[PDB]
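Notes follow the structure.
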Amino acid sequence: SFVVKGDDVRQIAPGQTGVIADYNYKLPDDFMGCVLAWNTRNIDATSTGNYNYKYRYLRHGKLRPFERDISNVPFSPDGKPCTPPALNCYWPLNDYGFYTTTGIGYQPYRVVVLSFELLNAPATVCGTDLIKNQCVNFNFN
Amino acid sequence: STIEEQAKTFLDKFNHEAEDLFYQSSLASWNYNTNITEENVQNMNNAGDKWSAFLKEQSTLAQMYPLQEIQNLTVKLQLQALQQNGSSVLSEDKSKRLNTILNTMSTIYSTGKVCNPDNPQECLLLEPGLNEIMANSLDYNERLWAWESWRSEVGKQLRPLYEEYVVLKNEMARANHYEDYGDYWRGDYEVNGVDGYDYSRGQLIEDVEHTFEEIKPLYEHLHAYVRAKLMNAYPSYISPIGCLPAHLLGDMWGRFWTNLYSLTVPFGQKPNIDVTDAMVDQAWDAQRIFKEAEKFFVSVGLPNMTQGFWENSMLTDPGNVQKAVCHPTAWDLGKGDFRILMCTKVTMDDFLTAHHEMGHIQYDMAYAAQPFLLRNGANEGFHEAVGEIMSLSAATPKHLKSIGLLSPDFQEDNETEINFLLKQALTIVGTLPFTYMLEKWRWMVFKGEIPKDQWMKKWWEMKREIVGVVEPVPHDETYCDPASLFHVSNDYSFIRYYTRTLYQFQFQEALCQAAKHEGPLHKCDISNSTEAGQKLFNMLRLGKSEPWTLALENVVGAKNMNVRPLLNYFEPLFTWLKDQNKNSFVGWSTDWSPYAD
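Chain order of the listed sequences is A and B.
Each residue of the first sequence is one higher than the one before, starting from 948 at the first, in the working numbering.
Each residue of the second sequence is one higher than the one before, starting from 11 at the first, in the working numbering.
See below:
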C-alpha cells in the first residue's frame, strides 16, 4: 500500500523505469499480481495543505524488487559526509503538493500491489446444494 | 559526479521545490483575484516574497555553478533563468527605492480619480466611467474633459516617479550589464550560441522598423478613412489633411480603435457582424460561451478542460460582499491547476475573449510537461499570439455560421466581408503605430535620445508623426501621459503586442496551410480540421527549451518576423481603402492641432 502521484502509477507496473520507481519502490518482472488504485482528493489531498506526504529522489543507485527504502541520510554527489544546509547536499524527501483544487493527474492515488507467489506452500489466499436419490458425483471439503 | 549532473540535481530539486512554492504564491494571487479583501492581499505578499526571495537565494547557489561549462542548451537555459537575479541586484537603498516607487505608481495610477470642475463630489476612476464615455460620447467637451483630467490628476503625480523610474531602472540595467531598459526589453528575445537559431538585441529595433515600413502605407490609408468618418460623426473639429484628436480614438490613449466602428461603419445598411444581440436572443450565460469555446477547441483538436478549471475558476461577476477584480487573465499554477480569471458578459468580444484566455490555458496545458521555469513560452509573444489565434479564427463568419447563431444561410456578397475587414483592421492596424511609437519612445527615453525634460514633447510629436494623433490641449513638463497608461506604470513592455500581431497572421497562414483552405486569408476558419491543431501543437508545448526561431521555422518556414501575411490579409481591403478616400487626403499633418488653431 502506498499513495503516489498519478504519473507514478504508470511507474508502478512491470517494465516502467520512471524516477520514483528507481529509488523508492522497484517494480519486478514476473512477481507481479494486481495493481489497484483509486483517488483520494478528499483524504490524502487537502486544499490548504498537508505535507506528511514526502518522496525520495536521490540515492546512489537504483533498487531491487520490492526493496523497502526507509532510512533518511542526506545525499551528496561524491559522498564524503555533508553538514546541512551546506551546498550540493540536498534534502532527499520533498513534499508532494497535491491539493483538492488540483487537476486529474495530480490528485494522489492509493495504489496497492497484490504480489502473487505460486505454491511455495499449499494454497492459502484465493477464491451448490444437494439433490436426493440421484446418481451424482461428489466433492466435499 | 560531474558539474552537469549536480546542475540537473539542483534544477530538479528546484523543480520539485519551486512547484509547491509558486503554487502557494499563485494560490494567494488567486484568492486575491476571486476575493479582494485585505486578508487576501496579506496572503498575496507572503508567499510571493517567499518566491522572489527563493529565486534570489537559490540564485546564490545557481551562480556558483559555472554556466559556460555546459554544452547542452536544455539545462543551460534553465541555469540562465535562475542566474538572472531578477530586480534585486543594486545597492540596498536604490533597489528598495525603485521597487517602492514602482509600488507607489502601481497604487496611484490604479486608484486615482477625477472630479467635476463645478462639483468636487462627482468623482470617478479610469475604468469604468471614463473609457466607456471615451468610446461612445458625441460630446467633445465630455471626452476632452475626461481625457485631460485623467492626465492632470494622476499623470502629474506619475511624472516625478517616472523621472526617478528611468534613472533607477536604467541603473538596474547597467548593474546587470545591459545598455538601457530598452535593452532589457530587447533581451527578452535574447537567444545565444545556437548559430542559425540565434537573435541579437538591436536586431529587434531593426525588425520593428523594417516591418513597420510595410505598416505605414496601410495605416496611412486607414488613418485617412477614419479621419473622414470622424469628420462625419464629429463635424467641424478635424482638419481634412490633419491628424486625429486624442479623445476620439475609442479609448483613452489611442491604442484600441474598434470603438470607432459605430462611427466608422462603412456600409451600415447591411447585416451586422456584431453577434452580441444574437447572443442575447438565446439568453446565453458565461457557461455556454466557455463550453462552446471548448467545443471549438475540441473541433480544432485541442483537449477538454480538466476538473480543476470548472471546479475552481470564477466565470461570472459577483457584485456582492465577495467583490473582486475581473480582468480576464490566464494563470499557470502548476499541479494541474491552470485557471482563467474572467467576469464574462454576454458579448461577442467576451466570446472571443473566452476563446483568447482558453487558448492561453490550452497552451499552458500543452507545455505543462516542461521544467518549471521553462513552464512559460519560448518568448513573451507566442502566448498572446496563440491566444489571439482562436479569437481571430472564431471571428470569421465561417465560425459564426457554425455556432448556431446566424441561421445557416449567410450570404457571400463582398459587402459584409469588407465591413468585417475594416472593423478588424481598425484594431489590428491602429494598435501598431502606437506600439511602434510607445516602444521606440521608451527606448529613446531609456537610451537617452530624448533629454529628461523633452519627454512629453517628443511623446506627442511622435504620436503625430507615427500614429497621426494630436493632443487637443498642450501639455507642460508636469505631465507624463505615457506613465498615465497601464503598462508604463505597471512594468510591462509593449512590443509583445507587435510581435503578437505579426505571428498572429503568420500562424493564420500556417494553420490555413494544412486544413485545405480555399478562399483568401480573411474567411479562414481553422475549425473541424485537427492537422492544423497538430501543427500548432508542435510549437504549443516546447516552451523555452527551444528558441522561437526553431519553432517558428517548424510553423511557417521562416525565421524572421514578417507582416506580409497581414498585408495579404488586408490587401483587398487596401484596394477598398484606396477606392473610397479618393475624395479625401491620404496622410496626416503633424503641425495641425486643436490647440494650434
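Positions of the beta carbon are idealized from the N, C-alpha and C atoms, including for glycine.
Helix, strand or coil at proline 575 of chain B [DSSP, three-state]: Counting from 1 along the second sequence, the entry for residue 575 of chain B is found at position 565. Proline 575 of chain B falls in the helix class under three-state DSSP.
Contact with chain A by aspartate 374 of chain B, beta-carbon distance below 7 Å: Translated into positions along the second sequence, residue 374 of chain B becomes position 364. Cβ-Cβ to chain A under 7 Å: no for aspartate 374 of chain B.
Neighbour list for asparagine 322 of chain B in chain A, Cβ cutoff strictly below 8 Å: Along the second sequence, read from residue 1 onward, the residue named residue 322 of chain B stands at position 312. Per Cβ cutoff of 8 Å: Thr1048.
Beta-carbon spacing of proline 530 of chain B, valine 201 of chain B below 7 Å: If you number the second sequence from 1, residue 530 of chain B lands on position 520. If you number the second sequence from 1, residue 201 of chain B lands on position 191. No, these two residues do not count as a Cβ contact at 7 Å.
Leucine 1040 of chain A: first and last residue of the uninterrupted beta strand (DSSP E) it sits in: In the first sequence, residue 1040 of chain A corresponds to position 93, counting from 1. Annotation: the continuous beta strand (DSSP E) that includes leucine 1040 of chain A extends over 1040 to 1042.
Minimum Cβ-Cβ distance from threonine 354 of chain B to chain A less than 7 Å: Sequence index remark: in the second sequence, residue 354 of chain B carries index 344 (1-based). It does not; no Cβ of chain A falls within 7 Å.
Opening and closing residue of the beta strand (DSSP E) in which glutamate 132 of chain B lies: Working through the second sequence from its first residue, we reach residue 132 of chain B at position 122. Its beta strand (DSSP E) spans residues 129 to 134.
Coil, strand or helix - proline 492 of chain B by DSSP: Within the second sequence, residue 492 of chain B is the residue found at index 482, counting from 1. Coil at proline 492 of chain B, not helix or strand.
Beta carbon proximity, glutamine 68 of chain B to chain A, threshold 7 Å: The residue given as residue 68 of chain B occupies position 58 in the second sequence. No - not a single Cβ of chain A is within 7 Å of the one on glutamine 68 of chain B.
Partners in chain B for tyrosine 1037 of chain A, counting only beta-carbon separations shorter than 7 Å: As a first step, residue 1037 of chain A must be located in the first sequence, where it is residue number 90. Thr19, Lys23, listed in chain order.
Complete alpha helix (DSSP H) runs within the stretch 180 to 215 of chain B (minimum length 4 residues, chain order): Secondary structure in the stretch 180 to 215 of chain B: the alpha helix (DSSP H) runs of 4 residues or longer, each lying completely within the stretch, are 191 to 196 in chain order.
Close Cβ partners of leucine 448 of chain B (< 6 Å) along its chain, the five nearest in sequence each way excluded: Locating residue 448 of chain B in the second sequence gives position 438, counting from the first residue. Cβ neighbours of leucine 448 of chain B beyond the five flanking positions: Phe504.
Residues near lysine 345 of chain B by beta carbon distance below 6 Å, same chain, minus five either side: As a working mapping, residue 345 of chain B is identified with position 335 in the second sequence. Excluding sequence neighbours, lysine 345 of chain B sits near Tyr33.
Cα-Cα separation between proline 492 of chain B and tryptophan 40 of chain B, rounded to whole angstroms: Sequence index remark: in the second sequence, residue 492 of chain B carries index 482 (1-based). Sequence index remark: in the second sequence, residue 40 of chain B carries index 30 (1-based). In this structure, the CA atom of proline 492 of chain B is about 29 Å from the CA atom of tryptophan 40 of chain B.
CA-to-CA distance, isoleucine 413 of chain B to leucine 431 of chain B, given in whole angstroms: Counting from one through the second sequence, the residue named residue 431 of chain B turns up at place 421. Counting from one through the second sequence, the residue named residue 413 of chain B turns up at place 403. If I take the Cα positions, the gap works out to 20 Å.
Beta-carbon spacing of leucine 1005 of chain A, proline 1039 of chain A below 7 Å: Locating residue 1005 of chain A in the first sequence gives position 58, where the first residue counts as 1. Locating residue 1039 of chain A in the first sequence gives position 92, where the first residue counts as 1. Yes, they are a contact pair.
Endpoints, the beta strand (DSSP E) within which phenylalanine 949 of chain A is located: In the first sequence, residue 949 of chain A corresponds to position 2, counting from 1. Counting along the chain, the beta strand (DSSP E) containing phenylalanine 949 of chain A begins and ends at 949 to 951.
Interface partners of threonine 316 of chain B on chain A, CB under 8 Å: The count along the second sequence starts at 1 and reaches residue 316 of chain B at position 306. The contacting residues are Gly1050, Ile1051.
Straight-line gap, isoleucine 225 of chain B to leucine 442 of chain B (C-alpha atoms, nearest Å): Taking the first residue of the second sequence as 1, we reach residue 225 of chain B at position 215. Taking the first residue of the second sequence as 1, we reach residue 442 of chain B at position 432. Straight through space, the alpha carbons of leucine 442 of chain B and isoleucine 225 of chain B are spaced by roughly 8 Å.
Beta-carbon proximity list for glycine 553 of chain B, same chain, < 7 Å, skipping 5 on both sides: On the second sequence, position 543 is the one that residue 553 of chain B refers to. Listed in chain order, the non-local C-beta contacts of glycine 553 of chain B below 7 Å within the same chain comprise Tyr377, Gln380, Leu384, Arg385, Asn386, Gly387, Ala388, local neighbours out to five positions each way being set aside.
Sequence-distant residues of the same chain with beta carbon closer than 6 Å to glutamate 519 of chain B, five excluded per side: One-based indexing of the second sequence puts residue 519 of chain B at position 509. For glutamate 519 of chain B, where only same-chain residues beyond five positions count, the Cβ hits under 6 Å are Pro575.
Whole runs of the alpha helix (DSSP H) within the stretch 206 to 293 of chain B, excluding any shorter than 4 residues: Listed in chain order, they are 212 to 222, 225 to 243, 286 to 291.
Among B:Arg237, B:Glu27, B:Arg298, B:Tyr508, the one whose alpha carbon lies nearest that of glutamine 590 of chain B: Along the second sequence, one-based indexing puts residue 590 of chain B at 580. Of the candidates B:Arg237, B:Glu27, B:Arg298, B:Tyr508, the one whose C-alpha sits nearest the C-alpha of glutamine 590 of chain B is B:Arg237.
Burial state of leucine 148 of chain B (16 or more Cβ within 10 Å): Along the second sequence, one-based indexing puts residue 148 of chain B at 138. Around the beta carbon of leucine 148 of chain B, fewer than 16 other beta carbons lie within 10 angstroms, which makes this residue exposed.
Chain-order list of residues whose beta-carbon lies under 7 Å from that of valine 164 of chain B (same chain, five-residue window excluded): Working through the second sequence from its first residue, we reach residue 164 of chain B at position 154. Excluding residues within five positions, the ones whose Cβ falls inside 7 Å are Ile118, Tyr119, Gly122, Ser494.
Nearest-angstrom Cα separation, counted from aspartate 607 of chain B out to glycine 397 of chain B: Position 387 of the second sequence, counted from the first residue, corresponds to residue 397 of chain B. Position 597 of the second sequence, counted from the first residue, corresponds to residue 607 of chain B. It is roughly 44 Å from the alpha-carbon of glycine 397 of chain B to the alpha-carbon of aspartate 607 of chain B.
Member of B:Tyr175, B:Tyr209, B:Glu48, B:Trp195 whose CA lies at the smallest distance from the CA of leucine 108 of chain B: Taking the first residue of the second sequence as 1, we reach residue 108 of chain B at position 98. For the set B:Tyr175, B:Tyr209, B:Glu48, B:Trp195, the Cα lying nearest the Cα of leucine 108 of chain B is the one of B:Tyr175.
Per DSSP, the bridge partner or partners of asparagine 43 of chain B: As a working mapping, residue 43 of chain B is identified with position 33 in the second sequence. BP columns for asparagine 43 of chain B are empty, so no partner.
Short CB-CB distance (under 7 Å) between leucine 1010 of chain A and chain B: Taking the first residue of the first sequence as position 1, residue 1010 of chain A is located at position 63. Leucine 1010 of chain A does not count as touching chain B.
Pick from B:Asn56, B:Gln81, B:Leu154 that is closest to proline 484 of chain B, judged by C-alpha positions: Working through the second sequence from its first residue, we reach residue 484 of chain B at position 474. Comparing Cα-Cα distances from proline 484 of chain B to each of B:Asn56, B:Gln81, B:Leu154, the minimum goes to B:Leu154.
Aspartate 347 of chain B at chain A interface by Cβ criterion, 7 Å: Counting from one through the second sequence, the residue named residue 347 of chain B turns up at place 337. Yes - at least one Cβ of chain A is within 7 Å of the one on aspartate 347 of chain B.
Distance, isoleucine 967 of chain A Cα to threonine 987 of chain A Cα: If you number the first sequence from 1, residue 987 of chain A lands on position 40. If you number the first sequence from 1, residue 967 of chain A lands on position 20. Straight-line Cα distance between these residues: approximately 19 Å.
Per-residue burial, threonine 995 of chain A [other beta carbons within 10 Å of its own, 16 or more giving buried]: To locate residue 995 of chain A, count along the first sequence from 1; it is residue 48. Under this definition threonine 995 of chain A is an exposed residue.
Simplified DSSP assignment, three categories, for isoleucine 536 of chain B: In the second sequence, residue 536 of chain B corresponds to position 526, counting from 1. Looking at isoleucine 536 of chain B - three-state DSSP - the assignment turns out to be coil, as it is neither helix nor strand.
DSSP state of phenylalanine 1013 of chain A mapped onto helix, strand, coil: Residue 1013 of chain A sits at position 66 when you count from the first residue of the first sequence. If DSSP states are grouped into helix, strand and coil, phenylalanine 1013 of chain A belongs with coil.
Distance, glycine 1074 of chain A Cα to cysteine 981 of chain A Cα: Taking the first sequence and counting its residues from 1, the one referred to as residue 981 of chain A is at position 34. Taking the first sequence and counting its residues from 1, the one referred to as residue 1074 of chain A is at position 127. Whole-angstrom Cα-Cα distance: 15 Å.
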